[PDB]
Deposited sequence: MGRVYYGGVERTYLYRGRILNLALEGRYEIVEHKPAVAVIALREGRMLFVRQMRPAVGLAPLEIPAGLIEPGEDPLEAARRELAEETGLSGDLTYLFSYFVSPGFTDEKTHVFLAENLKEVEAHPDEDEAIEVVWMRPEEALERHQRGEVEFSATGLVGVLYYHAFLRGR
């Protein structure tokens, strides 16, 4: 039995006994490689006061399934379309939120269109090095993309 303290736009805050719980829409993220570069994005994120290295990601909207949301986000954030394959999912922080992320691979990317989101094509090796030297922060989606590449796409 949850008690609702706040019903919002992209989250609700509930109490369930002693537990503080944030309900949040599910998300998608897209891993894409082209000529050895991974498709990252950056945007100011007010929650953290900086722009971490992410991969294209967004919330699933009403009526959409994860594959469709992934296609949409890739197009809206980067202007690209590709052949998408479902990889895996994860709960971002299941000690307090139900947000679940569905991760896809995109291949055979094509431009389907030519601004608050910066497109950052970068070799994953370089993303990991910049992070190890303190020069960029990762989101979970950016780190998952870099680790997935090193595991399976070299």
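According to the record, no C-alpha positions are given for deposited positions 1 to 9, 124 to 128, 169 to 170, numbered from 1.
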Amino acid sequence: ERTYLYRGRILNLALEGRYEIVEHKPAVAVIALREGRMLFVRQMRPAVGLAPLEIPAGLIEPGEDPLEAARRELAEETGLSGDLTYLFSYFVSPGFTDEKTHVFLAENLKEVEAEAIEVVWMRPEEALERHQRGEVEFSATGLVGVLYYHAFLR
From here on, numbers count along this sequence of modelled residues.
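Annotation: residue 68 does not belong to the positions left without coordinates in a third of the other compared entries; each one with flanking residues models it. Across the other PDB entries of this protein whose models span the neighbouring residues, residue 115 goes unmodelled in a third or more.
Across the two stretches, 41 to 49 and 99 to 107, the PDB entry reports the greater mean Cα temperature factor for 41 to 49. As listed in the deposited structure, the average C-alpha B-factor of 86 to 94 and of 57 to 65 is greater for 57 to 65.
Take 119, 33, 127, 116 and read off each C-alpha B-factor from the entry; 116 has the highest. In the PDB entry, residue 151 places in the middle third of its chain by CA B-factor.
Annotation for residue 10: C-alpha temperature factor in the highest third relative to the rest of the modelled chain, per the entry.
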